[PDB]
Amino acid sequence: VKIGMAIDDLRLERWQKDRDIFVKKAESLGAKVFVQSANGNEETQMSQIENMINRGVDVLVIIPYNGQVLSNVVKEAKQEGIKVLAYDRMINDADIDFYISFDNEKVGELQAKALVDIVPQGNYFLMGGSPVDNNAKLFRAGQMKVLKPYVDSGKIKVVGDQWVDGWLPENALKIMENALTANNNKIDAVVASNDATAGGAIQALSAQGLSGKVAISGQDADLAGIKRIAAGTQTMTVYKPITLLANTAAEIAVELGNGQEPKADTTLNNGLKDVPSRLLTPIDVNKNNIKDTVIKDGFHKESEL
């Protein structure tokens, strides 16, 4: 099997581990991988994809920079019998064959569940991510799925709901400060949607003497987030191991090149079709499993804690 991998952006740390695990795993399955990076550019990506189609790849793996505008290039690929796999970000209104990501709804469920595990009754502030980030709404659906029976039954009372523009720690800091002022510090848990916003909220909580007293969730397992969890000031984070995502995408890619129809958790609509999807299970990280998750995986080093 010939794989073309069109990564939007390899100039950052973002996708580089994904490339390397994907490449080494695909090769080990008996496949050749040609990789290009669009250096953040949407027109470079169109060209590199066209380049792949014209090299005779059997499978395209695309991490899109702008997934609203690859419809023609995908159609062109399908016309040649090439399979398209959308890696991590969905490709919209395109005739793709597969989608692999972590299950973002599950990220939300994990976040809210770790919080009702310790604060089954009390005042909750909802801190969503960017209101233009579709993933932000996904985390919030998962969070609300878990909260619903507690809200409807009066055990949990929602005392604010704000979305953090740009996921900026400093916007999250202001948001939190406003929520604390408006509730005269009576906030028992904060459903923050990532580590960076949680971190800004924690700074507001710290400045009122409430650090360690208010439950707060997160996501990404940022080093600093891992440290706050060890220190008691953040409750939990959700880890999304690259090696798992990259490993599973390679196996799907190879499967797709072999006419086979790979294992899909569900079917997401991209606004043209019901795309089969593997939505990997994300990992709850708390104070007790830091070593067994993010250290073991190599994501962070013990000497760094």
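Numbers follow the displayed sequence, beginning with 1.
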Of 127-135 vs 194-202, the stretch with the larger average CA B-factor in the entry is 127-135
The stretch carrying the higher mean Cα B factor in the deposited entry, 109-117 or 71-79, is 71-79
The residue of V61, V238, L279, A26 with the maximal C-alpha B-factor according to the PDB record is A26
Sorting the chain's modelled residues by C-alpha B-factor and splitting them into thirds places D220 in the lowest
Of the three thirds of Cα B-factor ranks in this chain, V285 occupies the lowest
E170: CA temperature factor from the record, placed by chain third, in the lowest
For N92, the third of its chain by CA B-factor is the highest
